[PDB]
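Note sheet for the following structure.
Number of protein chains: 2
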Amino acid sequence: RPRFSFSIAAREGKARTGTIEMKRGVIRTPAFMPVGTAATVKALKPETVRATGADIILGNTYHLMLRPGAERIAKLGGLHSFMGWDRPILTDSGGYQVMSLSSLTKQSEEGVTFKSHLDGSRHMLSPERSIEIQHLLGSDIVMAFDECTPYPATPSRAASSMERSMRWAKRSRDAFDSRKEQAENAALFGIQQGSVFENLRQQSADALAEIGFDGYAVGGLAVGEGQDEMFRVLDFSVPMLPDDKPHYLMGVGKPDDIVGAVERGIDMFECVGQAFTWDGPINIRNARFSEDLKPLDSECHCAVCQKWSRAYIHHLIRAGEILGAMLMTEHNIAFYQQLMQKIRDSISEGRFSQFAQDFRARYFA
Amino acid sequence: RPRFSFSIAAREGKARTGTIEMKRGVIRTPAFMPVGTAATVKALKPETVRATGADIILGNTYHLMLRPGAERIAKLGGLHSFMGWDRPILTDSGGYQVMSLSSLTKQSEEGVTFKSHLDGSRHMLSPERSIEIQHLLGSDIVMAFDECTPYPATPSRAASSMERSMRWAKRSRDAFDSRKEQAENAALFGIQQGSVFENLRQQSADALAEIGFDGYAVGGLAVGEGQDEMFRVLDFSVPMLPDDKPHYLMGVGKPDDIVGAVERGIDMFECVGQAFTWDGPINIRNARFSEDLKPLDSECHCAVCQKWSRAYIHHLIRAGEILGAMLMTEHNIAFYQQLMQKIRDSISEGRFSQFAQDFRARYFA
Ligand SMILES: NCc1c[nH]c2nc(N)[nH]c(=O)c12
Ligand SMILES: NCc1c[nH]c2nc(N)[nH]c(=O)c12
Ligand SMILES: [Zn+2]
Ligand SMILES: [Zn+2]
Numbered sequence: 011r012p013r014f015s016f017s018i019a020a021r022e023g024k025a026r027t028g029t030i031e032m033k034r035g036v037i038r039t040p041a042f043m044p045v046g047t048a049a050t051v052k053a054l055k056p057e058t059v060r061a062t063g064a065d066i067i068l069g070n071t072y073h074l075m076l077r078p079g080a081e082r083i084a085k086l087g088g089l090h091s092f093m094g095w096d097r098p099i100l101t102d103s104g105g106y107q108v109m110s111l112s113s114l115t116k117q118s119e120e121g122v123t124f125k126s127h128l129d130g131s132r133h134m135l136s137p138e139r140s141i142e143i144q145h146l147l148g149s150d151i152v153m154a155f156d157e158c159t160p161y162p163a164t165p166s167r168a169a170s171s172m173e174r175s176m177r178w179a180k181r182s183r184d185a186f187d188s189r190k191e192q193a194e195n196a197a198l199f200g201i202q203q204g205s206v207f208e209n210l211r212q213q214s215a216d217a218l219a220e221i222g223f224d225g226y227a228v229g230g231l232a233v234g235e236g237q238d239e240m241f242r243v244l245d246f247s248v249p250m251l252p253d254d255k256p257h258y259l260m261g262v263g264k265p266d267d268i269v270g271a272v273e274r275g276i277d278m279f280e281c282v291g292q293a294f295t296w297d298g299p300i301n302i303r304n305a306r307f308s309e310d311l312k313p314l315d316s317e318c319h320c321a322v323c324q325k326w327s328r329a330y331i332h333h334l335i336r337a338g339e340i341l342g343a344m345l346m347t348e349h350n351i352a353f354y355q356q357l358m359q360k361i362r363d364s365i366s367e368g369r370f371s372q373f374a375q376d377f378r379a380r381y382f383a
Numbered sequence: 011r012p013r014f015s016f017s018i019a020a021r022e023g024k025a026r027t028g029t030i031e032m033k034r035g036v037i038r039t040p041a042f043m044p045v046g047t048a049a050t051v052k053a054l055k056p057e058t059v060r061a062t063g064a065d066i067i068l069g070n071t072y073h074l075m076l077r078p079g080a081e082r083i084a085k086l087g088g089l090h091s092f093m094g095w096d097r098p099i100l101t102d103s104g105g106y107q108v109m110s111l112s113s114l115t116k117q118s119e120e121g122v123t124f125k126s127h128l129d130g131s132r133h134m135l136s137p138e139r140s141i142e143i144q145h146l147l148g149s150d151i152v153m154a155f156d157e158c159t160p161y162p163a164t165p166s167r168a169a170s171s172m173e174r175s176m177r178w179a180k181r182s183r184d185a186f187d188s189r190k191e192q193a194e195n196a197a198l199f200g201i202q203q204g205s206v207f208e209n210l211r212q213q214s215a216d217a218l219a220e221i222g223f224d225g226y227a228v229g230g231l232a233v234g235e236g237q238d239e240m241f242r243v244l245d246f247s248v249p250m251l252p253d254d255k256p257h258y259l260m261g262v263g264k265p266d267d268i269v270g271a272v273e274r275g276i277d278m279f280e281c282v291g292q293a294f295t296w297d298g299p300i301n302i303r304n305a306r307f308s309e310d311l312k313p314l315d316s317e318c319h320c321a322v323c324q325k326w327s328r329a330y331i332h333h334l335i336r337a338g339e340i341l342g343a344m345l346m347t348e349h350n351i352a353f354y355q356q357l358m359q360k361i362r363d364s365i366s367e368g369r370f371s372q373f374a375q376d377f378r379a380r381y382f383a
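Below you can see the structure in the form of structure tokens.
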């Protein structure tokens with residue numbers, strides 16, 4: 011029932027477990043957020059997303075502002091009613107996908123203009139318009155509009171981009187705050203930049219803390235630097251952020267990356291023929307599964323593993339059948355939610371370090 | 011609980027309503043059978059197919075004998091356990107799709123040899139092998155292997171093909187009967203041929219009745235002759251079949267075709291951006307639905323119409339999202355099951371002629 015309340019129930023090292031309370035529901039942390047692109051978590055009904063244990067989903071902004079359009083979604087009642095998900099939704103700012111999926115983008119201090127990847131339509135995106143679009147969609151957790159930094163990045167370019175990002179973070183803060191219904195009902199997260207440079211991460215964290223946000227993302231990672239480098243940067247970056255607010259690592263979702271990131275103080279993650295299993299991923303298209311009657315994973319509690327075999331799913335995926343996508347997706351998102359649950363429980367019980375060890379021994383065996 | 015028992019509970023004119031009792035369940039007639047191709051009713055879990063009200067599904071034989079293979083399905087426990095549908099399955103003989111989807115087919119009195127449409131693999135299909143494959147899949151209702159007749163067809167060619175079909179019907183009968191487990195647990199339907207020729211339909215019906223089957227299909231229609239011609243042929247063809255056994259019209263599923271066919275004594279049908295509504299079909303991709311908050315149909319009891327709007331489904335289909343296929347398919351199969359229910363109830367209440375009238379007035383308004 012409050013607009014936003016993050017409470018930490020238990021800790022182990024840098025790891026934390028707790029809850030974020032919002033108007034539309036409670037979010038258990040560490041949290042994994044399935045991703046909705048074009049107002050759908052691909053191949054799943056929202057009731058099925060919920061059934062896997064998800065407390066919140068991410069809505070990509072870029073595709074919705076192109077199709078079906080933010081204004082139209084607002085006229086139709088907002089994203090939650092449009093897609094039939096009534097729990098929190100975190101929306102991205104749209105900047106990532108502009109720069110990664112759009113064309114003829116022209117960047118400047120005001121923002122970015124671009125042509126979409128689908129048509130030739132002209133479009134504009136600034137801190138102000140991004141916050142507006144997230145409002146029109148009815149987002150619960152709004153992300154500040156930033157300027158991401160390619161990897162690798164020179165210190166000068168990483169600095170310029172981080173600085174611009176902090177200027178846009180203030181503009182984001184003010185746009186959000188000047189819209190009463192959004193300010194009163196949603197939350198706003200700021201994004202830390204700085205590439206792999208500690209001094210720049212520090213300056214960014216300081217700037218963001220000065221402005222003040224409900225949560226802080228670590229942006230700029232998982233863009234080519236490798237897990238070792240990513241963890242090294244997290245080692246010094248996450249402590250710079252306010253302890254008492256949630257920490258979201260953008261673009262990170264491999265099971266092992268999630269475990270090590272939680273070990274480094276991260277609280278929120280998203281979804282980035292592969293099936294996850296506690297013994298490591300499998301590619302279900304491999305011929306070795308064509309007569310395998312076992313479920314995708316031997317322990318998994320999901321409906322898919324209760325009800326269908328590897329052999330059947332192998333057949334469906336090789337045949338390009340939609341049910342194959344449906345089943346593979348339900349299992350994988352369930353597997354991630356079970357990972358998060360095991361993480362939450364082990365932290366609450368002060369045995370997370372052990373969990374991490376055990377998980378890795380078997381997942382890479 | 012018996013292998014096969016068809017009981018007629020009520021009649022109106024040539025229309026009948028009742029039940030087929032089989033080991034795996036009861037089938038309400040007139041029945042609409044969703045089609046499973048490659049061991050899946052496209053984009054639906056079997057629990058969802060059931061939820062729409064389906065009592066039985068059709069399994070296409072052709073694709074399964076190519077992928078995943080009949081022998082493999084039998085090793086894995088049969089089609090019902092492979093795909094997770096535990097109720098009756100009617101399997102087609104595979105002949106239709108050979109001739110329509112395969113290559114280098116060489117026909118003869120023994121059967122057909124062909125190369126599949128996917129690979130270059132060589133294959134053979136006779137009455138005996140078709141019955142064997144249906145057994146390997148664990149079919150509850152087995153279709154005799156026939157030689158369908160192109161439309162239009164000359165009387166000589168229609169006669170030759172019908173005669174061959176009756177010879178193969180006997181071979182089908184004997185193959186089925188000589189396999190104890192199949193004979194004791196499954197049912198066998200024969201197929202009437204003869205194109206649009208009354209004398210040939212009569213000879214075929216006689217031949218099939220002499221051999222004896224658990225049910226009789228009307229084959230050879232819905233292959234280009236138009237609804238008027240189709241109904242004209244049904245007018246004289248269906249009475250030639252045994253009254254006390256079910257009558258299956260192959261390849262017929264338009265809602266109006268179903269109503270008129272039931273009016274002519276047919277008991278079983280199958281599935282052949292279009293959404294069915296009681297006011298006629300709509301194409302949900304039309305721009306007129308982009309901000310339409312109404313459900314696909316205003317009366318439909320399905321989960322889709324409870325939970326999502328035209329506008330949302332329009333968006334999903336235009337975006338090529340899998341959930342769009344999922345939702346459109348669940349609604350359409352539910353709509354057909356509701357049509358069948360209204361048909362069964364109106365016959366039981368002696369008001370089917372009125373239902374038919376009313377249905378057509380509004381569906382074509
Ligand atoms: N590189 C991490 C990442 C993934 N998606 C993101 N989107 C934005 N706007 N910024 C970011 O840093 C990220
Ligand atoms: N033309 C009706 C039809 C559809 N599918 C069928 N399959 C076979 N084997 N014979 C048939 O007559 C039909
Ligand atoms: Zn599973
Ligand atoms: Zn419906």
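The listed protein sequences correspond, in order, to chains A and A'. A prime marks a further copy of an entry chain.
Under the deposited numbering, residues 11 to 282, 291 to 383 are what the first sequence spells out, in order.
Under the deposited numbering, residues 11 to 282, 291 to 383 are what the second sequence spells out, in order.
Idealized CB from N, CA, C, for every residue including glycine.
For ligand 1, a non-hydrogen atom lies closer than 6 Å to the CB of A/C158. The beta-carbon distance between A'/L76 and A'/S126, rounded to whole angstroms, is 5 Å. This is short enough to meet the 8 Å contact definition. Comparing C-alpha distances from A/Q192 to each of A/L231, A/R174, A/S149 shows the shortest one belongs to A/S149. Boundaries of the alpha helix (DSSP H) harbouring A'/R328: 328-336, taken from the DSSP string. The criterion of a C-beta distance shorter than 7 Å is not satisfied by A/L244 and A/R211.
In this structure, A/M153 is the residue among A/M153, A/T164, A/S214, A/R369 with its C-alpha nearest to the C-alpha of A/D184. Contact between the stretch 253-273 of chain A' and the stretch 219-231 of chain A' is present: 3 or more CB-CB pairs across the two stretches fall below 8 Å. Take the alpha-carbon of A/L314 and the one of A/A61: they are about 18 Å apart.
What A/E309 touches in chain A', judged by beta-carbon distance under 8 Å, is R82, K85, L86, going in chain order. Two segments are said to touch when three or more pairs of C-beta atoms, one from each, lie closer than 8 Å; by this definition the stretch 20-27 of chain A does not touch the stretch 318-328 of chain A'. Closest in alpha carbon position to A/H133, among A/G105, A/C158, A/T159, A/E157, is A/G105. Looking at the DSSP output, A/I67 bridges to A/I99.
Three or more Cβ pairs closer than 8 Å define a contact, and the stretch 163-174 of chain A meets that threshold against the stretch 202-216 of chain A. With a cutoff of 7 Å on beta-carbon distance, A'/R97 and A'/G35 are scored as near each other. Between the stretch 71-89 of chain A' and the stretch 296-315 of chain A there are three or more inter-stretch CB-CB distances shorter than 8 Å, so the stretches are counted as touching. Separation of the CB atoms of A'/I276 and A'/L357 is rounded to 14 Å, and the pair is thereby denied contact status at 8 Å. Contact of A/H333 with chain A' is assigned, a C-beta pair being separated by under 7 Å.
Counting the other Cβ atoms within 10 Å of the Cβ of A/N301 gives fewer than 16, which makes it exposed. DSSP lists A/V228 as the bridge partner or partners of A/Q202. Between the alpha carbons of A/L114 and A/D129 lies a distance of about 12 Å. Within chain A, the residues placing a beta-carbon under 7 Å from that of A'/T50 are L334, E339, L341, ordered along the chain.
Ranked by Cα distance from A'/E220, the first of A'/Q355, A'/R362, A'/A179, A'/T164 is A'/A179.
In this structure, A/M109 has its beta carbon at no less than 6 Å from each heavy atom of ligand 1. It is roughly 9 Å from the alpha-carbon of A'/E339 to the alpha-carbon of A'/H333. The DSSP-derived three-state label of A'/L259 is strand. Contact of A/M43 with chain A' by beta-carbon distance below 9 Å is absent, the smallest such distance being about 18 Å.
Distance from the C-beta of A'/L314 to the nearest heavy atom of ligand 4 is below 6 Å. Around A'/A329, the same chain offers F307, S308, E309, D310, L311 as residues with beta carbons nearer than 7 Å, after the five sequence neighbours per side are excluded. If you check the CB distance, A/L54 and A/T347 come in under 7 Å. Taking each of A/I151, A/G291, A/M176 in turn and checking the Cα distance to A/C158, the smallest one comes out for A/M176. A'/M93: member of the alpha helix (DSSP H) spanning 89-93, first to last residue.
Taken in chain order, the whole beta strand (DSSP E) runs of length 3 or more contained in the stretch 122-175 of chain A are 132-135, 151-153. Under the Cβ criterion of 7 Å, A'/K325 is counted among the residues facing chain A.
Judged by beta-carbon spacing, A'/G298 lies within the 7 Å limit of A'/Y381, meaning their Cβ atoms are closer than that value. Neighbourhood of A/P313 in chain A', by CB distance below 9 Å: empty, with the nearest CB roughly 12 Å away.
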